[PDB]
There are 2 protein chains.
Amino acid sequence: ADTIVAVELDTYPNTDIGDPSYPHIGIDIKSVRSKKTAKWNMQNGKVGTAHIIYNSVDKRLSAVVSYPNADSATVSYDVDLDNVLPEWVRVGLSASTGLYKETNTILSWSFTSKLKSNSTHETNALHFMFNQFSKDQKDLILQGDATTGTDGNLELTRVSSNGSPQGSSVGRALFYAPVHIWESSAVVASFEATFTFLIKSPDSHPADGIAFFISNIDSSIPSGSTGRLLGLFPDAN
Amino acid sequence: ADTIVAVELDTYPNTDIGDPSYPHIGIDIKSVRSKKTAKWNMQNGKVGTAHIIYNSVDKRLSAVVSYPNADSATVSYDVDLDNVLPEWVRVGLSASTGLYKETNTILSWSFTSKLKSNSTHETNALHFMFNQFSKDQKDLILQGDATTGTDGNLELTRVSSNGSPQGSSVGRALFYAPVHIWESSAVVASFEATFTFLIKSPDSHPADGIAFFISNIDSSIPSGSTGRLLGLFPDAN
Ligand SMILES: [N-]=[N+]=NCc1cc(C(=O)NCCCO[C@H]2O[C@H](CO)[C@@H](O)[C@H](O)[C@@H]2O)cc(C(=O)NCCCO[C@H]2O[C@H](CO)[C@@H](O)[C@H](O)[C@@H]2O)c1
Ligand SMILES: [Ca+2]
Ligand SMILES: [Ca+2]
Ligand SMILES: [Mn+2]
Ligand SMILES: [Mn+2]
C-alpha cells in the first residue's frame, strides 16, 4: 500500500464513488474520494496549465488550473503533509482511460522543493524544469503506457499512430531522484509544481483524467487502476 | 444460412442471450446458445491450449482447454454430426471483439480427420499442422480482419501497431481444402483439433472469444456478427 497525496484533474464523473456530477479538480489524500473538489470547465482540445503550491507554515495544499482567456478553477485544503507522507518521496504525473478516452499530453513540467532549517542560510533545494521531453528521458521513471519523444511531449496514456486515444490505458512518469519533502528540523518546507497539458477527446465524453502526485519512493501502478482510479489507487475506498 | 458446429472459448458473459455469468467454453450446434457449457478460468496474458475430439462410434464431441500448471476445463456433448453437417465442410478458427476487446492470437493449429470404410484397411485421411504462420499463407482462407505474419502468429482480430486490441473486430481463418467429415459407408469417422492461443486484454473485461468451427464449404462471416456472435452466427436465436 503506497501513500498517495494528489491533485486530480478529473474529466469523467464517477458518481458511484463520490465524484461531483461534472468535470472537477480535487485534492486526494490517500483516497480517490477527494477531500475537497471544485468545478472545472475542462476545454476539449486546448492547452491548460496547473499550479500546485504548498508550504509548511500554512499547511495548505492549493491548486489552480486555467486556460488562456478563461476563468480558472481553484481548490485548496488544510493538511499537514508531515502526518501523511514519509520524509522522502518521489513526485510524478499520472493519467488513465477506461471505457471512455482522451489523450493525456504533458507539454512541460517543473517542480521546486525547499527545506530551510534552524541554521544561518542553510537551505536545501531541488528544482527541475522540462519544456521538451526526449525519446530517451533518463531522469524520468516511465511506468505503464507512458512514453516520450512524440513531438517532444510526454504521452501518459496510449495513443495510436493516427493520434487517437485508447481505452483501458494507464501511465505514469516519476522524476528519477527521491525528494526530501519534509524534515523534523525544518523551519519551513515548501514545494511548487507546474505543468501544461493537452486533453483531447474525439467525442463529448472524455475520461479519465490527469494527476500530479507525491508517493513513497518505490511506488508503482496499482493493479487494475485504469479508468476511475487514475493509476493511483488499488480501489475506491 | 450456413450450418455451424463450434466449440467456443467465450470470454465475455452475455447473459441476455444465455451465457452463464462467467467465462466459459461451450459446444454450439447451429446456435450461439451453447447446448452445453463449462466454467473456464480464462487467464489473461497466458498461452493456452485447446483440444477438440470426436469419433463416430461414441458420437461424442468433447473439448479440453488448459493452461500450464493449472486445472483444465472440459465440456462434452452427445451429437451425431451426420444429422447436422453436410458430408463435406471447411474447418476453421473464428474470433471477435465488441465494445470490449482482447487480442485473439493463434500460435499454432493442427487438425486430423479420418474416414475408415467397410474396405479391409482402406482409410482416407487429412492432417495439417501449423506451428508458424507466414505473411502469405496460401493454404488458409482469411476472412474479416484476420491476418498472419505478425511474429509468425495468426491474428484473428485487429491489433494496432503498438499491440493493443480493437473493438468491433471479427476475423476467421479456414483451411483451404474441403474436409470429408463423414460418409454413409464409413465404419468409423473421427477428427481431432488442437490450437494454442494467447488472449490478452488491457483491462479486466475481455471480449469476446475464440471458436473452432466446422461449416459448409462456402461459409463466410455473417453480417453484423461482431461481439457476442463470435463471427459465426447471423443472430442470437
Ligand atoms: N460507448 N458506449 N456505450 C454503451 C455502454 C455504456 C456503458 C457506460 O457508460 N458505463 C459507465 C461506466 C464506465 O466505466 C468505465 O469507463 C469509465 C470512463 O472511462 C471509467 O471511469 C471506469 O473506471 C470504467 O473504466 C457501459 C456499457 C456496457 O457495459 N455494455 C455491456 C454490453 C456491451 O455489448 C457490446 O459489447 C459486448 C462485449 O464486447 C458484446 O458481446 C456485445 O455484442 C456488444 O458488442 C455500455
Ligand atoms: Ca472520475
Ligand atoms: Ca459471450
Ligand atoms: Mn474525482
Ligand atoms: Mn457463450
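The preceding data block contains the structure.
**Student:** Tell me what's going on with the overall build of chain A, and back it up with residues and numbers.
**Tutor:** Looking only at helices and strands, chain A has 0 helices and 16 strands in total. Over its C-alpha atoms chain A spans a radius of gyration of 17 Å, differing by no more than 12% from the 18 Å that the globule rule assigns to 237 residues. Along the first, second and third principal axes, the C-alpha set of chain A runs to 55 × 40 × 40 Å. Within the span of chain A, comprising 237 residues, buried residues form 52% of the whole. Across chain A, every contact between residues at least 6 apart in sequence was considered, and the portion connecting residues at least 24 apart equals 68%. Here chain A has roughly 10,600 Å² of accessible surface; of this, 46% comes from carbon and sulfur atoms. If you average the places of the 18 positive and of the 25 negative side-chain charges in chain A, the two averages end up 2 Å apart.

**Student:** Mind laying out the site of ligand 1, listing which residues take part and the relevant values?
**Tutor:** Taken together, 18 residues lie around ligand 1, and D208 and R228 of chain A together with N14, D208 and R228 of chain B are the ones closest in. In this structure ligand 1 sits where residues from chains A and B come together. A distance of 3.0 Å separates an oxygen atom of ligand 1 from a polar atom in the side chain of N14 of chain A. At a separation of 3.4 Å, an oxygen atom of ligand 1 approaches a polar backbone atom of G98 of chain B. Here ligand 1, which alone exposes 970 Å², has 61% of that area covered by the protein. Residue composition of the shell around ligand 1, by class: 8 nonpolar, 6 polar and 4 charged.

**Student:** Could you give an account of the side chain of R172 of chain B, naming the residues involved and the relevant values?
**Tutor:** All names here are of chain B. Structurally, the position occupied by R172 is in strand β13 (residues 169-175). An unpaired buried charge is present at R172: no salt bridge exists, and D2, the closest side chain of opposite charge, is 4.7 Å distant. A polar atom in the side chain of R172 sits 2.8 Å from the side chain of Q143. Engagement of the side chain of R172 in a polar contact is seen with the backbone oxygen of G231, the distance being 3.1 Å.

**Student:** Summarise the environment of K138 of chain A; cite the residues concerned and give the values.
**Tutor:** All names here are of chain A. The residue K138 is located in the loop between β9 (123-130) and β10 (140-144) in this model. Judged by relative accessible area, which is 69%, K138 ranks as exposed. Expressed as a C-alpha distance, the spacing of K138 and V179, which sit 41 residues apart in the sequence, is 17 Å.

**Student:** Run through the pattern of salt bridges, naming residues and quoting values.
**Tutor:** Counted under the stated rule, the structure contains 8 salt bridges over all chains. Where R158 of chain A meets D145 of chain A, a salt bridge forms, and the shortest distance between an N and an O atom there is 2.8 Å. You can see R158 of chain A sitting in the loop between β12 (154-155) and β13 (170-175) and its partner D145 of chain A sitting in the loop between β10 and β11 (147-148), a full 13 residues away along the chain. For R158 of chain A, a relative accessible area of 15% gives the class buried. With relative accessibility at 22%, the residue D145 of chain A sits in the partly exposed group. A salt bridge links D78 of chain B to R60 of chain B; the nearest nitrogen and oxygen atoms lie 3.3 Å apart.

**Student:** So, the layout of surface pockets: which residues are in play, and what are the values?
**Tutor:** A water-sized probe rolled over the atoms picks out the places where empty space is left. Of the pockets and cavities examined, the largest pocket occupies roughly 630 Å³. Looking at side-chain class alone, the lining of the largest pocket contains 10 nonpolar, 10 polar and 7 charged residues.

**Student:** Break down the pairing of strand β1 (residues 4-10) of chain A for me, with residues and values.
**Tutor:** Residue and element names in this part refer to chain A. Counted residue by residue, β1 has 7 buried out of 7 residues, so it is predominantly covered. Alternating positions in β1 separate into two faces, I4, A6, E8 and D10 on one and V5, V7 and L9 on the other, with burial throughout. Here 7 bridges tie β1 to strand β16 (residues 209-215), and the two strands are oriented antiparallel to one another. Paired with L9 across the two strands is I210, which belongs to β16. Pairing of β1 with strand β2 (residues 24-29) involves 6 bridges; the strand directions are antiparallel. In the sheet register, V7 faces β2, and the bridge partner there is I27.

**Student:** Run through the coordination of the calcium ion (ligand 2), naming residues and quoting values.
**Tutor:** Residues and elements named next belong to chain A. Around the calcium ion (ligand 2), the protein supplies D10 (OD), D10 (OD), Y12 (O), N14 (OD1) and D19 (OD) as donor atoms, at distances of 2.2 to 2.6 Å. Counting gaps between the donor residues of the calcium ion (ligand 2) yields the pattern D-x1-Y-x1-N-x4-D. A separation of 4.3 Å is found between the calcium ion (ligand 2) and the manganese ion (ligand 4), which share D10 as a coordinating residue. In this structure, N14 and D19 share a single accessibility class: buried.

**Student:** I'd love a proper account of the interface of chain B and chain A, names of residues and values included.
**Tutor:** Contact with chain B, which involves 8 residues of that partner, is made by 6 residues of chain A. Of the roughly 560 Å² buried where chain B meets chain A, counting both sides, 50% is carbon and sulfur surface. Linking chain B to chain A there are 0 salt bridges. Where chain B packs against chain A, one counts 1 residue pair in polar contact.

**Student:** Could you give an account of the coordination of the calcium ion (ligand 3), naming the residues involved and the relevant values?
**Tutor:** Note on metal sites: the ideal angle is 109.5 degrees for four tetrahedral donors, and 90 or 180 degrees for six octahedral donors. Residue and element names in this part refer to chain B. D10 (OD), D10 (OD), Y12 (O), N14 (OD1) and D19 (OD) make up the full set of protein donors to the calcium ion (ligand 3), lying at 2.2 to 2.6 Å. In the primary structure, the donors to the calcium ion (ligand 3) are separated according to the pattern D-x1-Y-x1-N-x4-D. Separating the calcium ion (ligand 3) and the manganese ion (ligand 5) is a distance of 4.2 Å, and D10 donates to both of them.

**Student:** Residue-level account of the packing of aromatic side chains, with values.
**Tutor:** Overall, the coordinates contain 28 aromatic pairs over all chains when judged by the stated rule. Ring centres of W109 of chain B and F130 of chain B lie 6.2 Å apart, and the angle between their planes is 45°; this geometry places the pair in the tilted category. Taken together, the residues span a long stretch of sequence, with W109 of chain B in strand β8 (residues 103-117) and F130 of chain B in strand β9 (residues 123-130) at a distance of 21 residues. Like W109 of chain B, the residue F130 of chain B is buried in the burial classification. These aromatic residues form a ring-pair network of at least three members: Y54, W109, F111, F128, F130, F133, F175, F191 and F212 of chain A. It is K39 of chain A that lies over the ring of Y22 of chain A; its NZ or CZ is 5.4 Å from the centre.

Procedures and definitions
Residues numbered from 1 in each chain as written, not as in the entry; some residues may be left out. Chains lettered and ligands numbered in written order. Heavy atoms only, no water. Helix = DSSP H or I, 4+ residues; strand = E, 2+ residues; numbered from the N terminus. Rg over C-alpha atoms; globule rule 2.2 N^0.38 Å. Buried < 20%, exposed > 50% of the residue type's maximum accessible area, 1.4 Å probe, protein only. Contact = heavy atoms within 4.5 Å. Areas by Shrake-Rupley, 256 points an atom, 1.4 Å probe, with all protein chains shown as cover. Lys, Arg positive; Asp, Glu negative; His and termini not counted. Charge placed at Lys NZ, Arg CZ, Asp CG, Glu CD. Near = heavy atom within 4 Å. Polar contact = N/O pair within 3.5 Å; in protein donor to acceptor, adjacent residues only side chain to side chain. Nonpolar A, V, L, I, M, F, W, Y, C, P; charged D, E, K, R; others polar. Salt bridge = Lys/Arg side-chain N within 4 Å of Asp/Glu carboxyl O. 1 Å grid on protein atoms, 1.4 Å probe; cavity = no way out; pocket = protein on both sides within 12 Å on 5 of 7 lines; lining within 4 Å. Points joined across faces, edges and corners; volume = space filled by probe spheres on them. Pairing = 2+ DSSP bridges. Donors = N, O, S within 2.8 Å, 3.2 Å for Na, K, Ca; no water. Buried area = accessible area lost by both parts, 1.4 Å probe. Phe/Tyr/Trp six-rings, centres within 6.5 Å; stacked < 30°, edge-to-face > 60°. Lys NZ or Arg CZ within 6 Å of the ring centre and 35° of its normal.

Distances and angles like these do not, on their own, reveal function.
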